[PDB]
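A.B. asks: Dropping the structure in here first, questions after.
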Protein chains: 6
Amino acid sequence: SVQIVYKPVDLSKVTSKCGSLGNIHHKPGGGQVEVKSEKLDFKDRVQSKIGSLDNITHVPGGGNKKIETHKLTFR
Amino acid sequence: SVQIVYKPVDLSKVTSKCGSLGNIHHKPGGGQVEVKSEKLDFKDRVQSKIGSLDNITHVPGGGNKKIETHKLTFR
Amino acid sequence: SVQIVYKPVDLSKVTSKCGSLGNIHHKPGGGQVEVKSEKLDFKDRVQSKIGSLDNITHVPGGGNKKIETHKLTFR
Amino acid sequence: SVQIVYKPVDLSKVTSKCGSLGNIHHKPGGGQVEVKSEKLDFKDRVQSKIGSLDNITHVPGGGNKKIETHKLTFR
Amino acid sequence: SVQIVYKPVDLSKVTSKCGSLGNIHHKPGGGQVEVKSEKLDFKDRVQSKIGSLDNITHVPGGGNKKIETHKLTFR
Amino acid sequence: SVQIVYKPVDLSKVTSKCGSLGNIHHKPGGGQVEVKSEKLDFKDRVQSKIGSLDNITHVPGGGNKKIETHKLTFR
């Protein structure tokens, strides 16, 4: 007789206190950009990105993360 | 007779206190950028990124992380 | 008769106190960039990144990390 | 013949640049205050101030000051 | 014949540049205060100040000051 | 014939550059204060200040000062 008891207890705390969060300045691509292209031959696929792209300002008040995985495999 | 008892107890704390968080300046790509391209032959795929791209300012009040994995495998 | 008792107890603390966090300046790529390319032959795949890319300013109030793995394997 | 010419020229500049101003915490009188007074005789004027009074948080973006006095006295 | 020419020229500059100003903590009077007064006789004026009073947090972005006095006295 | 020419020229500069100004902690009067007064006779004026008073946190981005006095006295 196989008897399995899976009783994990979790009283965890993931906490953050922040007095003030601010005055954040993200200024990407203030510089001049000049692309002068002449007599260019392309045989296959071309991907071009010019300028200021995919810039992120991520400012969460908390941004606390808890990942918990529970796995009971029986064969 | 196989008898398995899986009772892990977790009273953990992941904590942060911050008096003040601020005055953050991220200024990427203030410089001038000049790309002068002439008589260039391309046979295969081309990927070009010019300027200020994928710059991140990440400012979480906490940013505390708890990863917990539980695995009970029985064969 | 096989009898397994798995009762780990965790009363751990991962803590940080910070009086003030700030005045952070990240200024990448203030310099001028000039790429002059002439008479270049490419047979295979080309990847080009020019300028200020993938620069990170990561400022968490805490940034405390707890990784806990529990594994009970029975064969 | 008295001939007075009063032509002062003022091309002055009083300037300030501030990237960010913030995260200012003024917490006066966090402590407990207990005044136990017994059998006190007062013949003249009494002024009593108890607690947290006249506390100032003054945070100007500039706060630049120019005082200019011009005085031409003739007797 | 009295001939007075008063032509002062002022091309002065009073300037300040500040990248970031912040994370200022003023915490006066965190301590406990206990005043136990018994059998006190006062004949004249009494002024009493108890606790946390007249505390200043002054944080100007500039706070630049120019005082200029011009005085032409003729007798 | 009295002939006075007062032509002072001022091309002065009072300048300050500051990369970052911050993380300033002023904590006066964290200590306990106990005043136990018994059988005190006062004939004249009394001034009493108990606790945390007149504490200053002065943080100017510049705080540059130019004083200029011009005086032409004629008798």
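Nothing in this text is a laboratory measurement; each read-out follows from the coordinates by a stated rule. Heads up, the Cβs are rebuilt from the backbone with ideal geometry, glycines too, and the neighbour counts pull from every protein chain shown.
A.B. asks: How large is the Rg to Rh ratio of the protein assembly as shown when both quantities use alpha carbon positions and Rh follows Kirkwood?
C.D. replies: Computed over Cα atoms, the ratio is 1.19.
A.B. asks: If you add up the charges near A:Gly30, with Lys and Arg at +1 and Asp and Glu at -1, over every other residue whose beta carbon is less than 13 angstrom from its beta carbon, what do you get?
C.D. replies: So the surrounding residues net to +3.
A.B. asks: Based on other C-beta atoms within 10 Å, arrange A:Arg45, F:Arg75, C:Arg45 from fewest to most.
C.D. replies: Ranked by crowding around the Cβ, least crowded first: F:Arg75, A:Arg45, C:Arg45.
A.B. asks: Residue-wise, which Karplus ³J(HN,Hα) couplings in Hz belong to the stretch A:62-73, taking 6.51 cos²θ - 1.76 cosθ + 1.60, θ = phi - 60°, and x for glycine or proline?
C.D. replies: For the stretch A:62-73, the Karplus-derived couplings read x, x, 7, 10, 10, 10, 10, 10, 10, 9, 10, 9 Hz, x marking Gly and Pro.
A.B. asks: Something else about it: All other residues with a Cβ under 10 Å from the Cβ of B:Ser48 taken together, and with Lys, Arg as +1 and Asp, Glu as -1, what is their net charge?
C.D. replies: It works out to a net charge of +3.
A.B. asks: Taking the Cα centre of chain D as origin, work out the dipole magnitude from +1 charges on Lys and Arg Cβ and -1 charges on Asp and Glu Cβ, in debye rounded to 20.
C.D. replies: It works out to roughly 380 debye.
A.B. asks: 5 Å is the cut-off here: which amide hydrogens, built 1.01 Å from N in the peptide plane, fall below it relative to F:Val14, excluding neighbours closer than 5 in sequence?
C.D. replies: Those lying under 5 Å, H to H, from F:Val14 are E:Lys13, E:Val14, E:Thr15.
A.B. asks: Quick one: with label points 7 Å out along Cα→Cβ, list the inter-copy distances for E:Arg45 in nm, shortest first?
C.D. replies: Here the equivalent label points are 0.5, 0.5, 8.8, 8.9, 8.9 nm apart from this one.
A.B. asks: Treating the beta-carbon of each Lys and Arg as +1 and of each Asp and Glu as -1, no other charges, what is the dipole magnitude of the protein assembly as shown about its Cα centre, to the nearest 20 debye?
C.D. replies: 120
A.B. asks: Would you please give the FRET efficiency between E:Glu38 and F:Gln32, computed as 1/(1 + (r/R0)^6) with r the Cβ-Cβ distance and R0 = 30 Å, to the nearest 0.05?
C.D. replies: For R0 = 30 Å, the calculated efficiency reads 0.90.
A.B. asks: Relative to the other copies, what are the label-point distances for A:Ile4, with labels 7 Å from Cα along the C-beta vector, expressed in nm at one decimal and sorted shortest first?
C.D. replies: Values, ascending and in nm: 0.5, 1.0, 10.5, 10.6, 10.6.
A.B. asks: Nm distances between the label at D:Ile67 and the same-position labels in the remaining copies, 7 Å along Cα→Cβ, shortest first?
C.D. replies: So the distances to the same position in the other copies read 0.5, 1.0, 6.4, 6.4, 6.4 nm.
A.B. asks: Nearest to the axis that maps chain D onto chain B: list the chain D residue whose Cβ wins, with the distance in whole angstrom.
C.D. replies: In residue-and-Å form, the answer is D:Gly22, 3.
A.B. asks: Looking at chain B, how many pairs of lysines come closer than 26 Å at the Cα, when each pair is eight or more places apart or spans two chains?
C.D. replies: 12
A.B. asks: Evaluate the Debye formula for chain C with equal point scatterers sitting on the alpha carbons, no solvent, and hand back log10 of I(q)/I(0) at q = 0.18 Å⁻¹, in q order, two decimals.
C.D. replies: Treating every Cα as an identical point scatterer, log10 I(q)/I(0) equals -1.01.
A.B. asks: Within the set of other residues whose C-beta is less than 11 Å from the C-beta of B:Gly62, count the net charge using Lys and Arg as +1 and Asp and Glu as -1.
C.D. replies: Value of the local net charge: +4.
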